[PDB]
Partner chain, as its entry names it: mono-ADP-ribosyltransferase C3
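Consider the single chain below, provided in C-alpha cells and representing the form deposited without the partner chain.
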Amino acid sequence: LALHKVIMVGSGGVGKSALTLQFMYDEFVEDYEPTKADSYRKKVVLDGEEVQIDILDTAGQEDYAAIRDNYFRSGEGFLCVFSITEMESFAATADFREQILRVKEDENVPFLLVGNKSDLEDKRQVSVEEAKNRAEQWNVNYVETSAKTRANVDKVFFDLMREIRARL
C-alpha cells in the first residue's frame, strides 16, 4: 500500500494531539500529555484507493536540531496547526514553515495551514482574513478545524494525503 507520512506541527496547545486522536479514534481527547509524542498508523480508503496513513504527532520535545530535522526529512506532508484563539500560535507557524522548507528544500511540499478550535469563535484572536492571506502568501490551503466537533478533521488529513499523492 501507498504509505502517506504526515507530520503534525505547531506550537503548544493548538490541538495537534486532539486532531490526531479525533481522526484516529473518533474521540475528543482533552487531557493528552502535552510532552508526549507518538506515531499512529491507519489504513484508509483515499478516493477509492486503500492506503496507509502514518501520523507523527510531534509534542515539541525534540530540542536537538539535527534530530528535529531528521524527523521532518522523513515526513512527506505537514499539517501546520495553530489555534484561532491564540495569536502567538499563528505567528509561530512561520517558524515551522521555515524549518520544513530548510529540510525539504521544496516550497511545494505538501502542507496545509490549519486553524484549529473553530468552535471557539467567541475567543478568536486570528482573523480568517489574516490566515487566508498567509496561506495565499505561502501558496497553501487554509482550513479551519475543530477537534471538538470534528469539523474538517477528515478533510485536513485527506486533503494533505491528496497533495502527497499528487506531488510525490
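Numbering follows the first chain given and starts at 1. Only residues modelled in both forms are compared. Rigid core (definition): largest C-alpha set, two forms, superposition within 1.5 Å.
Just so it is clear, the following notes concern the form deposited with the partner chain bound, a form of the same protein that is not shown.
Of the residues 129, 107, 47, 30, just one reaches the partner chain in the entry with it bound with a heavy atom at 4.5 Å or closer; this is 129.
Taking the partner chain as it sits in the entry with it bound, the stretch 118-154 comes within 4.5 angstroms of it through a non-hydrogen atom at 118, 121, 124, 128, 129, 132, 136, 144. Summarising the superposition on the core between the shown form and the other one, the listed residues 137, 70, 61, 127 contain exactly one with a Cα shift of 2 Å or larger, 61. Comparing the conformations between the shown form and the other one, with the rigid core held fixed, yields only the displaced run 61-63, spanning 3+ consecutive residues whose C-alpha shift is 2 Å or more.
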